């Protein structure tokens, strides 16, 4: 058969699996081997967004699951353990496996059990693996997917960096950024109406202090999966071009494209050469996913400017919003303090500072100064101080028509921002009230809930 290089030789190899966004070393081998893969399913609560918990079902404790790297022609002895704390049974289907279910019917594993099966890796390429346990959609939606690379016999060309990025669509009972432990929502999942669309299992998984890194002149290979369960990614890099895009083990290689479609369950290898420094954004260019549901990752390039190629500046909160900053840990802290009943004004101020970036600063500026006669100030604002309840109604329901702020007329339009949750409005307004010589005090989530329930 194609990809059959005879029986395993050398010694059995225990596969080294890596957590996203890292990749195991190149196999660097000229002979087929028996490769033993041990992967454990863990069900666990993790933060899908700041102050938002979700019960993920994982291969190896992460979303996506542990990266597996083997060579075409290898005999793979696959061990699937299900942690005793699990409530559900699980299995695995690996794309690129030649056999019914890609392993599913020989990997069915109850909590506290282990299964094994063996396959020959006949098909070179990058492949999605996922759980295949009824109801399959629920298992994939909860995070049960990852990538397996089957290298060609001669290996992939050498690059400076290899990274592991996987998109998924997620379905919570609550709205986007609604705090608390969020249940899986079967109705949204069947309707293909996700609340979150993420790289690597969380908002901000690959932004700020968790960005991917390279230097000017270096090559970067990214193994890009789409776990779905339902969405097709218009996968794109802002401000750069892919030297190459190869899907699964396909013979076709596209070169010099910026935007590529990755099917649900699909995988691609992309290659990038870093030319000028700054932040390069990976997005799903179905744009509300990227900028309203979490589908943004950063590759930060360090090194010398080249003004002959690009004269301009690094991104900030205008483009990246509240993900320009290293993290939003203050939001997590304020949500934990609300639960404990120890929420301070300063907890709200720091959370609001984080959330004000982009969301409000695009028009009002990072210092609240606005732009005289165009965008009114929030700094030392008489209009704000005069009526904090009115300010709650402005954030939720918008504002238009002639107003006077700090002695100047404005005649413009502030769009409604109803998608902000009650805690987010409360924290942003508490931040503004405690900044820039404003009168202090605080707005509570309960205050905003009342205004939302009866607009002015």
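Residue numbers count along the first chain shown, from 1.
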{"query": "Stretch with the higher entry mean CA B-factor, where the candidates are 353 to 361 and 221 to 229", "finding": "353 to 361"}
{"query": "304 to 312 or 176 to 184, whichever carries the higher mean Cα B-factor", "finding": "304 to 312"}
{"query": "Selection from 154, 169, 93, 248 [criterion: highest C-alpha temperature factor in the record]", "finding": "154"}
{"query": "Most elevated Cα B-factor in the entry, residues 207, 292, 195, 329", "finding": "329"}
{"query": "Assigned third (lowest, middle, highest) for the C-alpha B factor of residue 112", "finding": "highest"}
{"query": "Modelled-residue ranking by C-alpha temperature factor, third containing residue 333", "finding": "highest"}
{"query": "Chain thirds of CA B-factor: placement of residue 253", "finding": "highest"}
{"query": "CA B-factor placement of residue 142, once the chain's modelled residues are sorted into thirds", "finding": "lowest"}
{"query": "Residue 66 - which third its CA temperature factor falls in, relative to the rest of the chain", "finding": "lowest"}
